[PDB]
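Quick setup: one chain, the form deposited in one PDB entry, written in C-alpha cells, and binding and motion questions come after.
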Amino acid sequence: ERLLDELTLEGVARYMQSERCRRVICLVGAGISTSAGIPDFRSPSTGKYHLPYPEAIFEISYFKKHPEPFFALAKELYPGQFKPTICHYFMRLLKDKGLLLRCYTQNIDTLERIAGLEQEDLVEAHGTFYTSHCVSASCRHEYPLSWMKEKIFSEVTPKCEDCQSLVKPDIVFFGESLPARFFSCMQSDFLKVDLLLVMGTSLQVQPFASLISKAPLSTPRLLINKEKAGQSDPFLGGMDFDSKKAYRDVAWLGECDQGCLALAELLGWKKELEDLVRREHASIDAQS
C-alpha cells in the first residue's frame, strides 16, 4: 500500500533509488551546522545595551534607531571559519544527482551557499547573512558578506556608499515579514515532492514547521535529528513514526553528519561524498 517497503533508513534508500522518487525537498535547521562550529541560537541554552525589551536587538524598529548593539553582537558571534558540514555536502550531492527540488533552511549562516546550493535551490526562510542591503527603499544597494565583515570587525556602523543609510544583513528581524519566496515556493514545490528529508530541526518554529503538513499524504518523510520531532503535540498532519498506523515517516536519531553518512553508504555514494567533502574542506582550509 505504502511507498516505503519498510520504515527504516534502508527502506528510504531503496525508495530513493527507485523510479518513484525523483524530487527531494530538504527542510533543515540549526542541527546541520553545529558540527561546523555554528551554535544553535534559537536555543535559549547558548547565548549593557539598555534595551527596552531584549528582543529589540532583533527588532527592526530598534535596529533602525540603535543599530550599534546588533553590530557589536555580530562581531562577538562572527564565526572563525565558514566550513559546511557533511550534511551540507550531502545536499550538494543530491543536487548533483538531479534529485534536489529545493532546500528550505531556517539557518542564516550561509553554509548552504558555500556548499554549492544556488539561489534557485534555496528558500532561506529566515533570511541570510550572505547579502546585506541598504535599508532605504529608494536605494536598496546590495553588499556582499566581505564588505559587511570588514565593517563589523572595524566596528564601523555600515552605511550605504550611495545614500549613507544603514546597511542591514538580509536576515529576517522581528517586525519583518517572512520572505514572499517562502510562500510562493511552498505552494508550488509541495505539489511535486516525492520525499521530504528533515534534517537538524525540531520543527518548533512556525510557519517553518507547518511545512511538513504540506506534503502529499503518500510522500515519505525521513527525520535525521538528534531527537525525534514533528509529532502531534498531545496538548495542542504530524509525524507518525511509531504507531500501528505509521506508514511513511522514519526517524534516524543521531548527529546529522552521521545520519547523512549512513544514508550515503546505503545509496553507494559514500566515496563520492567523502571525496567532495575532503576537497571542499581542503579548499576552504587553504584560503589565502
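So that the term is clear: the rigid core is the largest set of C-alpha atoms that superpose within 1.5 Å between two forms. Sequential numbering from 1, following the sequence displayed.
- Rigid core fits of the other structures in 9 other deposited structures of this protein place the C-alpha atoms of one stretch farther away on average; of 152-160 and 113-121, that stretch is 152-160.
- A fit on the rigid core, followed by a root mean square over CA positions in 9 other deposited structures of this protein, ranks 175-183 against 89-97 and picks 175-183 as the more shifted one.
- Judged by the one-third criterion across other entries of this protein, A246, modelled here, is also modelled in every one of those that cover both its neighbours.
- Checked against the other entries of this protein, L27 counts as resolved in every one of those spanning it, not missing from a third of them.
- Deposited sequence between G47 and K48: 4 to 9 residues lack coordinates.
- Just going by the entry, 76-84 versus 213-221 on mean CA temperature factor gives the higher value to 76-84.
- Look at the mean CA B-factor for 108-116 and for 198-206 in the entry; the higher one is 198-206.
- Per the deposited record, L236 carries the highest C-alpha B-factor of all listed residues (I32, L263, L236, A251).
- In the deposited coordinates, the residue among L93, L145, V123, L101 with the greatest CA B-factor is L145.
- The deposited CA B-factor of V193 belongs to the lowest third of values across its chain.
- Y130: CA B factor lies in the middle third for its chain, per the PDB record.
- In the deposited entry, the Cα temperature factor of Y247 sits in the bottom third of values across the chain's modelled residues.
- Among all modelled residues in this chain, the alpha-carbon of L27 has a temperature factor (C-alpha) in the lowest third.
- The deposited CA B-factor of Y89 belongs to the lowest third of values across its chain.
FYI, the form solved in complex with a partner chain isn't displayed, but the following is about it.
- Residue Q204 is the only one of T157, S136, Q204, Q164 with a heavy atom lying within 4.5 Å of its partner chain in the entry with it bound.
- With the partner omitted here, the residue from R113, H126, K83, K95 that has a non-hydrogen atom within 4.5 angstroms of its partner chain in the entry with it bound is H126.
- In short, of 147-155, 114-122, 86-94, 169-177 it is 169-177 that has heavy atoms within 4.5 Å of its partner chain in the entry with it bound.
- In the entry with it bound, its partner chain sits within 4.5 Å of a heavy atom of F183.
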